[PDB]
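Participant: Quick one: this structure, given as structure tokens, is what I'll be asking you about.
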Amino acid sequence: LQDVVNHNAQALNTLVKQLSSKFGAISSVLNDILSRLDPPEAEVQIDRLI
Amino acid sequence: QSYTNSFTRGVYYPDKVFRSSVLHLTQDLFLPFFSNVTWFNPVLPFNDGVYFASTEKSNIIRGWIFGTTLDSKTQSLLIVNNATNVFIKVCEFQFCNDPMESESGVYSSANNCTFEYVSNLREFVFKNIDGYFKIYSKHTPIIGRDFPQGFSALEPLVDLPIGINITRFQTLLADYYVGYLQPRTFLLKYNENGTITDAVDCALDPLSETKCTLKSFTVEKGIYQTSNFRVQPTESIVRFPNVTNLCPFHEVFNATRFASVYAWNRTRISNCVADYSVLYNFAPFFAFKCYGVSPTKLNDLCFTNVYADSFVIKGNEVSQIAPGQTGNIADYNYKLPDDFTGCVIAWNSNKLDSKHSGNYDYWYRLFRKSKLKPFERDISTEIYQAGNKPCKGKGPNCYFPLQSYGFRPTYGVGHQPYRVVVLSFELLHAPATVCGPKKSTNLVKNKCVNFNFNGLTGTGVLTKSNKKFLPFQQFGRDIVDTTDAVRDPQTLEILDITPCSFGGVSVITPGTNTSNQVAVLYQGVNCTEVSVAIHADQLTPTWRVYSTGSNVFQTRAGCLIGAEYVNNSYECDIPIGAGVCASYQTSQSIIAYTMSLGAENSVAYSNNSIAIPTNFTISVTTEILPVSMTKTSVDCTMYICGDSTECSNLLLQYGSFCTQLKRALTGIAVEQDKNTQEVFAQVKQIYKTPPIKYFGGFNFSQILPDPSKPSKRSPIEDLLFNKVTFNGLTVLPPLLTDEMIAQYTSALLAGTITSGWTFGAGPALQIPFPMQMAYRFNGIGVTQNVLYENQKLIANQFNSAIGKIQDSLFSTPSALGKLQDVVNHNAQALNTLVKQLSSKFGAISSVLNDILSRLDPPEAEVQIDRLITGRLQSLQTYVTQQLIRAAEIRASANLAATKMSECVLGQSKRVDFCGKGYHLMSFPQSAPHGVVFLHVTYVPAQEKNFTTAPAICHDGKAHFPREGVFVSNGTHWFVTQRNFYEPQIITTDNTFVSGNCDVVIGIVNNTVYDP
Amino acid sequence: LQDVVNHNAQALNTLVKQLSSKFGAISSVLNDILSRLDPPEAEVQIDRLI
Ligand SMILES: *[C@@H]1O[C@H](CO)[C@@H](O[C@@H]2O[C@H](CO)[C@@H](O)[C@H](O)[C@H]2NC(C)=O)[C@H](O)[C@H]1NC(C)=O
Ligand SMILES: *[C@@H]1O[C@H](CO)[C@@H](O)[C@H](O)[C@H]1NC(C)=O
Ligand SMILES: *[C@@H]1O[C@H](CO)[C@@H](O)[C@H](O)[C@H]1NC(C)=O
Ligand SMILES: *[C@@H]1O[C@H](CO)[C@@H](O)[C@H](O)[C@H]1NC(C)=O
Ligand SMILES: *[C@@H]1O[C@H](CO)[C@@H](O)[C@H](O)[C@H]1NC(C)=O
Ligand SMILES: *[C@@H]1O[C@H](CO)[C@@H](O)[C@H](O)[C@H]1NC(C)=O
Ligand SMILES: *[C@@H]1O[C@H](CO)[C@@H](O)[C@H](O)[C@H]1NC(C)=O
Ligand SMILES: *[C@@H]1O[C@H](CO)[C@@H](O)[C@H](O)[C@H]1NC(C)=O
Ligand SMILES: *[C@@H]1O[C@H](CO)[C@@H](O)[C@H](O)[C@H]1NC(C)=O
Ligand SMILES: *[C@@H]1O[C@H](CO)[C@@H](O)[C@H](O)[C@H]1NC(C)=O
């Protein structure tokens, strides 16, 4: 049971941590990309993050 | 000259790369198998490479001539072989040797010789490709004129970089066969020494397409999925509404004056044609960049709401004009949408948009108090207020937002004015109004045709429709958003767009070893449709099985060709669908029959009729169960990145994917270890079988370990073991060595055969085997007296039963099908994973080191990223597949553990769980990544039809057997156990009384004796 | 059983409905992309749809 709980917790923690992965893009936060670049290339960066 | 068949000739080495003992599938220009070959001074046209096989003994064939004209006008290739050295020239000659020391080369012309070169059954492949004349020469001097229908590869004699055009060629004299090549696909079997010992085409016969599909030269008996058939389009219609020709552009584009960048005119064009080639040369404007819709395709489905914008700018101003751009021009002159599907045309306009002294009229909106949005014009030219107080003129930052451009003809190129046309059009609105002219065609009339209805392009069958389009709807779709109805305004007729027929084809083959005939199943199609497609050369799988009579059958699965339907019934051999099955029968051919669901047996039920067996059989049946899987550990970094830190840095930005994959693989591995632990290690203490091994006639030699061999495995285990069977991927060894697993099996079996089932419920309790078997009879409703009264026979019944098991595992090679399937599945997964390392994934190359040593790292980053994404999706797919397979094997291992707990460590009352019959006992045997259970079952036999009755009325009261059944042989009545005929005289010992003789439906008068 | 049938039908319906998904490309139909763009540029859109 403890292993099941730990597995679910680890899955959720990995999912939230991977919100900070750049995934080969400029950054990991959408707002900085929006208020850093022009909308066209920002679209490609947001596409990679998505 | 006649026509013969190219049996297997024309195979050459496709490349100079060594390959050993492989089956490589390559697509290239080849001589197709069994093609028609002309056997012969004619001028043979050079069909993109020829196979020329000269058979001679007088050396009459002195060489070849190639070219397009061969009359000293275009460059022609002359090849001659005099006695020692091949003179190869690329000259421009009128004629040649054609009119010991009986002949010499005089030719007729030697102009512009651009290239020079010197060095029976002479085969020569001449392939002209990529500026190369590749000559593949096989000089196998056969001693004799017998033309062998055999195999001989053609090693590349030379690859001349002549780089000339060749359409025709002739032979030079002082017989021969000619065949023409086509682009085909071949399977070549490269031998150890590097030689192509055999080749298999991929377009002749269904059989030699499944040979390519499995990448083998010997296919097994079975239905094989293969390529998908599809009726190819017959014609190609292009229907438009009534069209008109106006083209009102050049008269506008040529005009004396356009408007400024801020005063631009949105010119609307409608009801004309896209005569745009004039804008290239008739109005020769140089700057032509089409964004969203590249040019030279502007002939149909082109414009719906085309608009034209007229800009007048400087020279160094078009650069800022692009979709998604920003700047003062973008801010306050005009703003473009990001999705601008149009064209930008710019050209210098000195003599037509400038004054000789300079025209100070083309101004621009320097400032404005309104943010520009896509497709909006600036009109207000009031002073741009820049202060909180009302700002008019000077004072605050305000200035007049209109600066004159000095369009002088004396300025440089960077200042010369540009006239610009922006064609902004939307390729969407369904109703149209403008594109170029094209041929129209009437209704296809139920014909699979390329349709081009008002720009809606596709392939389909256009039939009369009953769908009531209200007089504004042009298209008509379905819930799947597929256009199932269209109507051209010119015809104004609603017609549906049911697509061209397709599906798949599957090859039924009885195995290459058995035979070579095949059948084909076009899945889900009417046989009339497929026959019609055969007739008018429309089926994509160009190989045509001859549709003779009594060989085309229409099943609910589709159309089966090559096998006749027989109204007889047989067990299924090669499943097809809808209950039909095909098989090879004996003169010998493939037949399709309705599957017979076993025999039909009517049980003779009656009001009073029972059948009790008088004999039995100790059957031994093998049941194979996967227990484990190959533990595979994959190094994410090395697989994705070939020990490259440059690639590792890029991989590090992809989150903890490698950590997740490693965790999943380690979980799978520890799960495999726990699976074999739980299946085999259910015994606390390793039990040793006794020194003397007499078990009341029960043999137990093929299952008990024999010390006179290594690894201490049983002979059955030996047969099972002998019967089964880089780049960051590692196969971790199992924790339990095969000897340890065999020792667990030996302990389990020794405990079973010595202590009975007691060792599974606690301490092992010794008990003679003839007593344990009597208990196991008691456990299936058979009195123990049966065993001792028939001990020895049963022993033999067991012993022979085990003996056949060996042959069942010896003669039959597919007995261990499930375990070998598991092994093959793992091997195929690993093979696919390593093979996808060679996939470019839309990059420059499949090898990292090339990309590293080809480009600067900023540019190489994109290619490395594409390769990383491809290989990472490969890893994720492999890991997910492994997880699913591991879950399946976990279920199988749980079943195996349950069986060993219930079938081996005890006797199970669950029906058909430990065999087919009444379970007696079971024996485990280790096998590679699995277990094999020798389920011992009691099976009754030798029936005897008998008369019965639920109750006996002796003393005016009912009587019932305590555990048996009341039966009779006509005259006497006997109470007997219900699983073995043991008649007994009815007495109060076996009978109990309950009630009187007026409630039982079928009570019978009789005597219940007193003992 | 009805849930099993409906689940299979929903899976197939989703699979065919995502044929109309642009996937961040010009369009969801290959035919239009082919007869709208030169093959070097159309390669990117075809790759995205693929
Ligand atoms: C049990 O079965 C084995 C068979 O595996 C018997 O061994 C055979 O013995 C005879 C002579 O006694 C030989 O001719 C055979 O070659 C043996 N079989 C094999 C496969 O080699 C054995 O006799 C049986 N009985 C006992 C008590 O072991
Ligand atoms: C080669 O020359 C022939 C001469 O008739 C011509 O038809 C063909 O188009 C040419 N093609 C090339 C340049 O390969
Ligand atoms: C205008 O028409 C003349 C006709 O001779 C042509 O030469 C010229 O290139 C045209 N220019 C434009 C911009 O259409
Ligand atoms: C647009 O209209 C204006 C009206 O003054 C005119 O001067 C200009 O030449 C026109 N430009 C065109 C024809 O695109
Ligand atoms: C195939 O077509 C024929 C003629 O249209 C028709 O009679 C037959 O019923 C069709 N087959 C099936 C299975 O519907
Ligand atoms: C069994 O008995 C019933 C009594 O109603 C009778 O109808 C039926 O025919 C009998 N079955 C036989 C004689 O096979
Ligand atoms: C029962 O069957 C066996 C073989 O299956 C046979 O040898 C035997 O004679 C039969 N009868 C008895 C009474 O065992
Ligand atoms: C057993 O059944 C058959 C029919 O299958 C029948 O002919 C026979 O008479 C029955 N047995 C007896 C004891 O009558
Ligand atoms: C029935 O079984 C008895 C057993 O004693 C035997 O004597 C008799 O011959 C058998 N047959 C008939 C028709 O009674
Ligand atoms: C059974 O025996 C009793 C008394 O002997 C008699 O009354 C009854 O009718 C008998 N029943 C049958 C079915 O013979």
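Starting from 1 in every chain, residues are counted up; chains themselves are A, B, ... following the order of the structure tokens, and ligands are numbered from 1 as listed.
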Name each residue within 9 Å of ligand 5, counting only C-alpha atoms and all ligand atoms, as a list in words.

Facilitator: residues 525, 526, 527, 528, 529, 554, 555, 556 and 558 of chain B

Participant: With a cut-off of 6 Å and counting only C-alpha atoms, select all residues of chain B in contact with chain A and give the selection as a PDB file with C-alpha atoms, in the first residue's frame.

Facilitator:
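Generated output (result-v8.pdb):
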ATOM      1  CA  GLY B 324       4.199  39.076 -38.023  1.00  0.00           C
ATOM      2  CA  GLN B 653      16.482  19.860 -21.459  1.00  0.00           C
ATOM      3  CA  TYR B 654      13.780  17.227 -22.101  1.00  0.00           C
ATOM      4  CA  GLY B 655      13.003  16.713 -18.418  1.00  0.00           C
TER       5      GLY B 655
END

Participant: Superimpose chain A on chain C so that the squared distances between all in-order C-alpha pairs are minimised, and send the result as a short mmCIF file (atom, residue, chain, number, x, y, z; two decimals) with N, CA, C and O atoms, in the first residue's frame.

Facilitator:
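New file part33.cif:
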data_model
loop_
_atom_site.label_atom_id
_atom_site.label_comp_id
_atom_site.auth_asym_id
_atom_site.auth_seq_id
_atom_site.Cartn_x
_atom_site.Cartn_y
_atom_site.Cartn_z
N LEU A 1 -21.71 -4.69 -21.94
CA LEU A 1 -21.47 -4.95 -23.36
C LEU A 1 -21.73 -3.71 -24.20
O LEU A 1 -20.96 -3.39 -25.12
N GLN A 2 -22.82 -2.99 -23.90
CA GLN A 2 -23.10 -1.75 -24.61
C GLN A 2 -22.00 -0.73 -24.39
O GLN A 2 -21.63 0.00 -25.31
N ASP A 3 -21.46 -0.68 -23.17
CA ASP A 3 -20.35 0.23 -22.89
C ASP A 3 -19.11 -0.15 -23.67
O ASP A 3 -18.38 0.73 -24.15
N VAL A 4 -18.83 -1.45 -23.81
CA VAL A 4 -17.68 -1.88 -24.61
C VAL A 4 -17.86 -1.46 -26.06
O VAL A 4 -16.93 -0.92 -26.69
N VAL A 5 -19.05 -1.70 -26.61
CA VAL A 5 -19.32 -1.31 -28.00
C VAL A 5 -19.19 0.19 -28.17
O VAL A 5 -18.60 0.68 -29.14
N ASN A 6 -19.73 0.96 -27.22
CA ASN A 6 -19.65 2.42 -27.29
C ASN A 6 -18.21 2.90 -27.17
O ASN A 6 -17.83 3.88 -27.81
N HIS A 7 -17.41 2.23 -26.34
CA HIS A 7 -16.00 2.61 -26.21
C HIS A 7 -15.26 2.41 -27.52
O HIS A 7 -14.50 3.28 -27.96
N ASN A 8 -15.47 1.26 -28.17
CA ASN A 8 -14.82 1.02 -29.45
C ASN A 8 -15.29 2.02 -30.50
O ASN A 8 -14.48 2.56 -31.27
N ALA A 9 -16.60 2.29 -30.54
CA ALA A 9 -17.13 3.24 -31.51
C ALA A 9 -16.58 4.64 -31.27
O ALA A 9 -16.25 5.36 -32.22
N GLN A 10 -16.49 5.05 -30.00
CA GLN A 10 -15.96 6.37 -29.68
C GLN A 10 -14.49 6.47 -30.05
O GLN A 10 -14.04 7.51 -30.54
N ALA A 11 -13.71 5.41 -29.80
CA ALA A 11 -12.31 5.43 -30.20
C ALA A 11 -12.17 5.59 -31.70
O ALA A 11 -11.38 6.42 -32.18
N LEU A 12 -12.94 4.81 -32.47
CA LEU A 12 -12.86 4.92 -33.93
C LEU A 12 -13.31 6.30 -34.41
O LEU A 12 -12.70 6.88 -35.31
N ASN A 13 -14.38 6.83 -33.81
CA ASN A 13 -14.88 8.14 -34.21
C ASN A 13 -13.87 9.24 -33.89
O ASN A 13 -13.68 10.17 -34.68
N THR A 14 -13.21 9.15 -32.73
CA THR A 14 -12.16 10.11 -32.41
C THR A 14 -11.01 10.01 -33.40
O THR A 14 -10.48 11.03 -33.85
N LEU A 15 -10.63 8.79 -33.77
CA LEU A 15 -9.54 8.60 -34.71
C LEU A 15 -9.87 9.22 -36.07
O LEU A 15 -9.02 9.89 -36.68
N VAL A 16 -11.10 9.02 -36.55
CA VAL A 16 -11.44 9.58 -37.86
C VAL A 16 -11.62 11.10 -37.77
O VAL A 16 -11.27 11.83 -38.70
N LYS A 17 -12.18 11.59 -36.66
CA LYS A 17 -12.35 13.03 -36.50
C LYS A 17 -11.01 13.75 -36.44
O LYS A 17 -10.89 14.88 -36.93
N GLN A 18 -10.00 13.13 -35.84
CA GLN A 18 -8.69 13.75 -35.74
C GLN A 18 -7.95 13.78 -37.07
O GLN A 18 -6.84 14.32 -37.13
N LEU A 19 -8.53 13.21 -38.13
CA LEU A 19 -8.02 13.45 -39.47
C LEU A 19 -8.27 14.88 -39.93
O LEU A 19 -7.62 15.34 -40.87
N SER A 20 -9.20 15.58 -39.29
CA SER A 20 -9.53 16.95 -39.64
C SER A 20 -8.86 17.97 -38.73
O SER A 20 -9.17 19.17 -38.82
N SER A 21 -7.95 17.53 -37.87
CA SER A 21 -7.23 18.43 -36.97
C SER A 21 -6.01 19.00 -37.69
O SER A 21 -5.22 18.25 -38.27
N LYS A 22 -5.87 20.33 -37.65
CA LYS A 22 -4.76 20.97 -38.34
C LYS A 22 -3.43 20.67 -37.68
O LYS A 22 -2.39 20.67 -38.35
N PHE A 23 -3.43 20.42 -36.37
CA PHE A 23 -2.21 20.11 -35.62
C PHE A 23 -1.18 21.22 -35.77
O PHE A 23 0.02 20.97 -35.89
N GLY A 24 -1.65 22.46 -35.77
CA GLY A 24 -0.78 23.60 -35.96
C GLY A 24 -0.13 23.67 -37.33
O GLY A 24 1.05 24.02 -37.43
N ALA A 25 -0.88 23.34 -38.38
CA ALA A 25 -0.39 23.39 -39.74
C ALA A 25 -1.33 24.27 -40.57
O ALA A 25 -2.24 24.90 -40.05
N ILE A 26 -1.08 24.30 -41.88
CA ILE A 26 -1.88 25.15 -42.77
C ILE A 26 -3.32 24.67 -42.82
O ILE A 26 -4.26 25.46 -42.70
N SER A 27 -3.52 23.37 -42.99
CA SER A 27 -4.86 22.81 -43.12
C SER A 27 -4.84 21.38 -42.59
O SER A 27 -3.90 20.96 -41.90
N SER A 28 -5.90 20.63 -42.90
CA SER A 28 -6.03 19.25 -42.47
C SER A 28 -6.14 18.27 -43.63
O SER A 28 -6.33 17.07 -43.40
N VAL A 29 -6.03 18.74 -44.87
CA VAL A 29 -6.10 17.90 -46.06
C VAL A 29 -4.78 17.99 -46.80
O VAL A 29 -4.28 19.09 -47.07
N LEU A 30 -4.20 16.83 -47.11
CA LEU A 30 -2.89 16.79 -47.76
C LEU A 30 -2.95 17.40 -49.16
O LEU A 30 -2.01 18.09 -49.58
N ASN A 31 -4.03 17.14 -49.89
CA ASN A 31 -4.10 17.54 -51.29
C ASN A 31 -4.08 19.06 -51.44
O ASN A 31 -3.45 19.59 -52.37
N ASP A 32 -4.77 19.78 -50.55
CA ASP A 32 -4.75 21.23 -50.61
C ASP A 32 -3.35 21.77 -50.33
O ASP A 32 -2.88 22.70 -51.00
N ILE A 33 -2.66 21.19 -49.35
CA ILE A 33 -1.29 21.61 -49.05
C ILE A 33 -0.39 21.37 -50.26
O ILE A 33 0.44 22.22 -50.61
N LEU A 34 -0.54 20.21 -50.91
CA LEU A 34 0.27 19.92 -52.09
C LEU A 34 -0.02 20.91 -53.21
O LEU A 34 0.90 21.54 -53.75
N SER A 35 -1.29 21.08 -53.58
CA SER A 35 -1.64 22.05 -54.62
C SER A 35 -2.01 23.40 -54.01
O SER A 35 -3.01 24.02 -54.38
N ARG A 36 -1.19 23.86 -53.07
CA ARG A 36 -1.23 25.25 -52.62
C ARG A 36 0.15 25.87 -52.42
O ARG A 36 0.27 27.09 -52.55
N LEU A 37 1.19 25.08 -52.17
CA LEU A 37 2.49 25.61 -51.78
C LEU A 37 3.59 24.92 -52.58
O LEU A 37 3.36 23.95 -53.29
N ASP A 38 4.80 25.46 -52.44
CA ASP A 38 5.97 24.83 -53.03
C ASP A 38 6.31 23.55 -52.29
O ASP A 38 5.98 23.40 -51.11
N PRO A 39 6.98 22.60 -52.95
CA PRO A 39 7.29 21.31 -52.30
C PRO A 39 8.13 21.44 -51.03
O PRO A 39 7.90 20.65 -50.10
N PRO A 40 9.09 22.37 -50.92
CA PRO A 40 9.90 22.38 -49.68
C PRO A 40 9.10 22.67 -48.42
O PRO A 40 9.17 21.89 -47.46
N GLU A 41 8.35 23.77 -48.38
CA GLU A 41 7.57 24.10 -47.19
C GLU A 41 6.39 23.14 -47.03
O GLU A 41 5.97 22.84 -45.90
N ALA A 42 5.84 22.68 -48.15
CA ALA A 42 4.83 21.63 -48.09
C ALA A 42 5.37 20.39 -47.39
O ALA A 42 4.62 19.70 -46.70
N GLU A 43 6.66 20.10 -47.55
CA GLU A 43 7.25 18.98 -46.84
C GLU A 43 7.17 19.17 -45.33
O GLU A 43 6.83 18.24 -44.59
N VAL A 44 7.46 20.38 -44.85
CA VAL A 44 7.38 20.65 -43.41
C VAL A 44 5.94 20.55 -42.93
O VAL A 44 5.66 20.01 -41.85
N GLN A 45 4.99 21.09 -43.70
CA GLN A 45 3.59 21.02 -43.29
C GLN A 45 3.11 19.58 -43.24
O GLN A 45 2.42 19.18 -42.29
N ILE A 46 3.45 18.78 -44.25
CA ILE A 46 3.09 17.37 -44.25
C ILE A 46 3.78 16.65 -43.10
O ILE A 46 3.22 15.72 -42.51
N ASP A 47 5.00 17.07 -42.75
CA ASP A 47 5.68 16.47 -41.60
C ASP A 47 4.91 16.74 -40.31
O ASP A 47 4.75 15.83 -39.49
N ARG A 48 4.44 17.97 -40.12
CA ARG A 48 3.64 18.27 -38.94
C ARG A 48 2.36 17.46 -38.91
O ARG A 48 1.98 16.89 -37.87
N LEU A 49 1.67 17.37 -40.06
CA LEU A 49 0.44 16.59 -40.12
C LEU A 49 0.71 15.11 -39.85
O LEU A 49 -0.08 14.44 -39.18
N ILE A 50 1.82 14.59 -40.37
CA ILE A 50 2.19 13.20 -40.16
C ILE A 50 2.46 12.94 -38.69
O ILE A 50 2.03 11.93 -38.13
#

Participant: Distance limit 6 Å, reference ligand 3, atoms considered: only C-alpha atoms and all ligand atoms. Which residues make the cut? Give them as a PDB file with C-alpha atoms, in the first residue's frame.

Facilitator:
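This is the output file selection_12.pdb:
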ATOM      1  CA  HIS B 250      -1.919  44.374 -66.011  1.00  0.00           C
ATOM      2  CA  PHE B 253      -0.402  47.003 -62.482  1.00  0.00           C
ATOM      3  CA  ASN B 254       0.873  49.090 -65.439  1.00  0.00           C
ATOM      4  CA  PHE B 282       4.859  41.236 -69.406  1.00  0.00           C
ATOM      5  CA  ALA B 283       5.089  43.397 -66.265  1.00  0.00           C
ATOM      6  CA  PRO B 284       8.603  42.255 -65.348  1.00  0.00           C
TER       7      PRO B 284
END

Participant: Using only C-alpha atoms and all ligand atoms, which residues have at least one atom no more than 12 Å from ligand 8? Output them as a list in words.

Facilitator: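 With only C-alpha atoms and all ligand atoms and a cut-off of 12 Å, ligand 8 is contacted by residues 601, 602, 603, 604, 605, 606, 608, 609, 610, 611, 612, 943, 944, 945, 946, 947, 948, 967, 968, 969, 970 and 971 of chain B.
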
Participant: For the residues selected in the previous step, produce a file with N, CA and C atoms as a PDB file, in the first residue's frame.

Facilitator:
ATOM      1  N   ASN B 601     -23.317 -34.879 -32.308  1.00  0.00           N
ATOM      2  CA  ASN B 601     -23.570 -36.054 -31.477  1.00  0.00           C
ATOM      3  C   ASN B 601     -24.857 -35.835 -30.698  1.00  0.00           C
ATOM      4  N   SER B 602     -25.870 -36.646 -30.983  1.00  0.00           N
ATOM      5  CA  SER B 602     -27.150 -36.558 -30.292  1.00  0.00           C
ATOM      6  C   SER B 602     -27.129 -37.486 -29.084  1.00  0.00           C
ATOM      7  N   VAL B 603     -27.273 -36.912 -27.893  1.00  0.00           N
ATOM      8  CA  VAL B 603     -27.281 -37.697 -26.665  1.00  0.00           C
ATOM      9  C   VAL B 603     -28.660 -38.317 -26.486  1.00  0.00           C
ATOM     10  N   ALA B 604     -28.691 -39.623 -26.217  1.00  0.00           N
ATOM     11  CA  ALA B 604     -29.946 -40.368 -26.119  1.00  0.00           C
ATOM     12  C   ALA B 604     -30.530 -40.218 -24.713  1.00  0.00           C
ATOM     13  N   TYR B 605     -31.070 -39.030 -24.456  1.00  0.00           N
ATOM     14  CA  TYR B 605     -31.772 -38.790 -23.205  1.00  0.00           C
ATOM     15  C   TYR B 605     -33.089 -39.559 -23.171  1.00  0.00           C
ATOM     16  N   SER B 606     -33.490 -39.952 -21.966  1.00  0.00           N
ATOM     17  CA  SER B 606     -34.767 -40.615 -21.749  1.00  0.00           C
ATOM     18  C   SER B 606     -35.195 -40.362 -20.312  1.00  0.00           C
ATOM     19  N   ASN B 608     -35.769 -42.533 -18.061  1.00  0.00           N
ATOM     20  CA  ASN B 608     -34.974 -43.416 -17.206  1.00  0.00           C
ATOM     21  C   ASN B 608     -33.879 -44.045 -18.069  1.00  0.00           C
ATOM     22  N   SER B 609     -32.727 -43.382 -18.125  1.00  0.00           N
ATOM     23  CA  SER B 609     -31.602 -43.869 -18.920  1.00  0.00           C
ATOM     24  C   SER B 609     -30.345 -43.169 -18.442  1.00  0.00           C
ATOM     25  N   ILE B 610     -29.400 -43.932 -17.902  1.00  0.00           N
ATOM     26  CA  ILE B 610     -28.132 -43.383 -17.449  1.00  0.00           C
ATOM     27  C   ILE B 610     -27.007 -44.227 -18.029  1.00  0.00           C
ATOM     28  N   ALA B 611     -25.847 -43.602 -18.206  1.00  0.00           N
ATOM     29  CA  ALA B 611     -24.658 -44.272 -18.712  1.00  0.00           C
ATOM     30  C   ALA B 611     -23.524 -44.087 -17.716  1.00  0.00           C
ATOM     31  N   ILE B 612     -22.983 -45.198 -17.226  1.00  0.00           N
ATOM     32  CA  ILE B 612     -21.908 -45.194 -16.243  1.00  0.00           C
ATOM     33  C   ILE B 612     -20.680 -45.812 -16.895  1.00  0.00           C
ATOM     34  N   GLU B 943     -18.297 -46.685 -21.897  1.00  0.00           N
ATOM     35  CA  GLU B 943     -19.601 -46.435 -21.307  1.00  0.00           C
ATOM     36  C   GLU B 943     -20.447 -47.707 -21.312  1.00  0.00           C
ATOM     37  N   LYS B 944     -21.631 -47.601 -20.714  1.00  0.00           N
ATOM     38  CA  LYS B 944     -22.586 -48.705 -20.714  1.00  0.00           C
ATOM     39  C   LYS B 944     -23.967 -48.127 -20.464  1.00  0.00           C
ATOM     40  N   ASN B 945     -24.843 -48.209 -21.462  1.00  0.00           N
ATOM     41  CA  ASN B 945     -26.173 -47.634 -21.329  1.00  0.00           C
ATOM     42  C   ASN B 945     -26.999 -48.456 -20.346  1.00  0.00           C
ATOM     43  N   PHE B 946     -27.633 -47.770 -19.396  1.00  0.00           N
ATOM     44  CA  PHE B 946     -28.260 -48.429 -18.261  1.00  0.00           C
ATOM     45  C   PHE B 946     -29.617 -47.800 -17.982  1.00  0.00           C
ATOM     46  N   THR B 947     -30.451 -48.546 -17.263  1.00  0.00           N
ATOM     47  CA  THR B 947     -31.758 -48.075 -16.830  1.00  0.00           C
ATOM     48  C   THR B 947     -31.688 -47.676 -15.361  1.00  0.00           C
ATOM     49  N   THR B 948     -32.318 -46.551 -15.027  1.00  0.00           N
ATOM     50  CA  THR B 948     -32.162 -45.933 -13.719  1.00  0.00           C
ATOM     51  C   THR B 948     -33.519 -45.535 -13.153  1.00  0.00           C
ATOM     52  N   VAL B 967     -29.274 -48.083 -10.567  1.00  0.00           N
ATOM     53  CA  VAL B 967     -29.245 -48.451 -11.975  1.00  0.00           C
ATOM     54  C   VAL B 967     -29.691 -49.900 -12.094  1.00  0.00           C
ATOM     55  N   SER B 968     -29.923 -50.333 -13.329  1.00  0.00           N
ATOM     56  CA  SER B 968     -30.328 -51.706 -13.579  1.00  0.00           C
ATOM     57  C   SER B 968     -29.818 -52.151 -14.939  1.00  0.00           C
ATOM     58  N   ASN B 969     -29.569 -53.451 -15.058  1.00  0.00           N
ATOM     59  CA  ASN B 969     -29.197 -54.081 -16.319  1.00  0.00           C
ATOM     60  C   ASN B 969     -30.372 -54.872 -16.888  1.00  0.00           C
ATOM     61  N   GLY B 970     -31.577 -54.329 -16.724  1.00  0.00           N
ATOM     62  CA  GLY B 970     -32.790 -54.959 -17.203  1.00  0.00           C
ATOM     63  C   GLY B 970     -33.575 -55.715 -16.150  1.00  0.00           C
ATOM     64  N   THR B 971     -32.920 -56.612 -15.416  1.00  0.00           N
ATOM     65  CA  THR B 971     -33.602 -57.457 -14.444  1.00  0.00           C
ATOM     66  C   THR B 971     -33.237 -57.131 -13.003  1.00  0.00           C
TER      67      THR B 971
END

Participant: Enumerate residues in contact with ligand 2: an atom-to-atom distance of at most 8 Å, counting only C-alpha atoms and all ligand atoms. Format the result as a list in words.

Facilitator: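 Every residue with an atom at most 8 Å from ligand 2 is listed here: residues 68, 69, 164, 165, 166 and 167 of chain B.
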
Participant: List all protein, DNA and RNA residues that have an atom no more than 12 Å from any atom of ligand 4, counting only C-alpha atoms and all ligand atoms, and report them as a PyMOL selection string.

Facilitator: chain B and resi 248-268+307-312+352-353+361-362+419-423

Participant: Neighbours of residue B:348 within 8 Å (only C-alpha atoms; same-chain residues fewer than 5 positions away dropped), as a PyMOL selection string?

Facilitator: chain B and resi 315+416-419

Participant: Which polymer residues have any atom within 12 Å of an atom of residue B:102, counting only C-alpha atoms, with same-chain residues fewer than 4 positions away left out, as a count of residues only?

Facilitator: 3
